[PDB]
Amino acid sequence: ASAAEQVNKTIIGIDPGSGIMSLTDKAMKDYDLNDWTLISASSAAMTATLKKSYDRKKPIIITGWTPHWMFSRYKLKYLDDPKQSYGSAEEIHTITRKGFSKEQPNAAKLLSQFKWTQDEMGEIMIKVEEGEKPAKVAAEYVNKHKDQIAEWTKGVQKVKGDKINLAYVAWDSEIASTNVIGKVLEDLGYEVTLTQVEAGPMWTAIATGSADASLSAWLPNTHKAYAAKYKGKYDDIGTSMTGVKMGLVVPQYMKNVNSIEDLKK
């Protein structure tokens, strides 16, 4: 039976303002999936549905990305994207309000040097998903990764309670990044605020300056329209991760579903 029959031509998505959802809308146009439906939801509802479907070995298609804990807990695959609708060579960037590195060159320089791998981010995501509190897990991380933190803080000095406001979107990945770097800041002496906001407001907050920095930029593909819209109005000072991926994801037990093209059948 055909992917469209298996899932009733429905794809499970996340928050409507995210670029993955925008990129999935493009792919549906690109591959002529014109009678298909994309359900808007959220990160937590998407994985709850995946879990419910997977536990019953029922077919599902989700808007998925890596780094994500769901790939270590379940056997998943990306559908081949021959048209490259989701693009290529995606990274995760560290952005700030414009001229933030002129005010607090010490904080900027740290953010600039923050980087890490998928497996590493995953250590945090797994525990957070298991119900542990992200500040607590972030503490465990920074102790356990002594050699790494040192790399981040090469040339970085303590402080006297200097305020820094980190905006972030509650994707599982960005929860981890923000909390980890959150900790490394609070140890350096900063008074740290974390402001949760949705995807567009996150960018609007950096570009207007209602927040200082964010670890939540996925570039150049995922957040292309937000970057374009606010070109000139923020600084891009870091790449925390490369090789990251986004697209349509299915459980491996859907053996006959392997490409977005299979959804046309």
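One rule holds for the numbers: they count along the sequence shown, beginning at 1.
Comparing the deposited coordinates for 249 to 257 and 19 to 27, the stretch with the larger average C-alpha B-factor is 249 to 257. Of the two segments examined, 128 to 136 and 83 to 91, it is 128 to 136 that shows the higher average Cα temperature factor in the deposited entry. When the C-alpha B-factors of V169, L166, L111, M121 are read from the PDB record, the largest value belongs to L166. Of the residues listed, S173, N179, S72, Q148, the entry assigns the biggest Cα temperature factor to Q148. When the modelled residues of the chain are ordered by their C-alpha B factor, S210 lands in the highest third.
In the deposited entry, the Cα temperature factor of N34 places it in the highest third of its chain's modelled residues. Split the chain's modelled residues into thirds by C-alpha temperature factor. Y78 is in the lowest one.
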